[PDB]
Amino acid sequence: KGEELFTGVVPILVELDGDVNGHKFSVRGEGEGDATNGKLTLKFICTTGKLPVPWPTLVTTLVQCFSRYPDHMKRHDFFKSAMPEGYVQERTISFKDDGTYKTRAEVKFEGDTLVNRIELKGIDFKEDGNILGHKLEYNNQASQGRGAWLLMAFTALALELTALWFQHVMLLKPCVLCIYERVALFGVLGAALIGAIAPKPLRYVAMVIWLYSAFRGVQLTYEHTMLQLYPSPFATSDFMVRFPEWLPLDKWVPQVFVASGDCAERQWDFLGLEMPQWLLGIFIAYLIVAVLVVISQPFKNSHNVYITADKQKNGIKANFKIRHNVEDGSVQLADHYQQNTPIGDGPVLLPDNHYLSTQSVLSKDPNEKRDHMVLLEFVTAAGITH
């Protein structure tokens, strides 16, 4: 009957004593948690001076009882069922190509405040490594790869040069209503360049430009299909571009923005489709991938904590991986192995295989001169709907 304790907001207190290759430290956390909404705010402060490890490495160690378990998963919250007596949480965090954390936490209720006292032991770490070297950036949630935008710039520039190769070698001149599709693809390519300059801010500017240039591409190619599929009016005379005054792209680079020739004329048609029909699908593919990237951003930064039952020890086990963003683009794998056991003798809910969707944002207090870390977490349970 511990779920009734987490209705509303309850205070949190976190203390951590750690020792990593002899370097000792202490962290004191304070804040509040809301299990009904799946959030919790905390402000951790290092009390021994300067922290010898990056703050993101301690986030997983520094209270899964504040998870937003839906009503169809209420009988799977092992954390709340152990309260107020509490539970013990031991982990083994294996950092790839580096050391290994081994923690022992005691999460329980002390009257009205949820207390989590942890002992940490770091071993086999390297001073030149990404842990003891503080080479991990603060906001660790996504790799922010640069070669991904450059690869989209390749497939965008390849189509551009292929279009010019069709026109200047195969002697198939472009149409007017067509040519605008070159600008739309050029806007997609340009978005790939700004996005690849400094992706680790400003990427959103490149993404909306990519979103816009692809949507303009599906608009122009749609009109390009209807003119080429339906009976040509035959009386609507030919066309030329009408670029803006400040941007005479036909006057600046005439061999790319030409429009000598007009639409409503089937130039290429292969594999049962026309030239505007293939570009319509390409721009739709560009727009779909652009939409997928936007919808990915919320769930791109969250890690899943997969949980199984351990009825032999009347507890649970949990495995999950965490990739920390190293400075200069590298990745640091943190392999986690969790093991929870109740403290009290009251019965606990042994859950089926489910996972906890956890997303964390790290910030700073502009008026705190100590080594600190402001924390906010989003914990929601998901998995089998039964």
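Numbers follow the displayed sequence, beginning with 1.
- According to the PDB entry, the deposited sequence runs on from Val53 to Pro54 with no residue lacking coordinates between them.
- Count the deposited residues lacking coordinates between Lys200 and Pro201 and you get 1 to 3 of them.
- Comparing 41-49 with 325-333, the higher mean C-alpha B-factor in the PDB entry belongs to 325-333.
- Mean CA B-factor, 254-262 versus 218-226: the higher value falls on 254-262.
- Across the options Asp112, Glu181, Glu106, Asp77, the residue with the most elevated CA B-factor in the record is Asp112.
- Annotation for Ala235, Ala192, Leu120, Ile288: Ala235 ranks highest, by Cα B-factor.
- For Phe299, the recorded CA B-factor ranks within the highest third of the chain. Only modelled residues enter the ranking.
- In this PDB entry, the Cα temperature factor of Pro244 sits in the top third of its chain's modelled residues, the highest group.
- Placement of the Cα temperature factor of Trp210 within the chain: lowest third of the modelled residues, per the deposited record.
- Ranked by C-alpha B-factor against the other modelled residues of its chain, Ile93 falls in the lowest third.
- For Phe125, the recorded CA B-factor ranks within the middle third of the chain. Only modelled residues enter the ranking.
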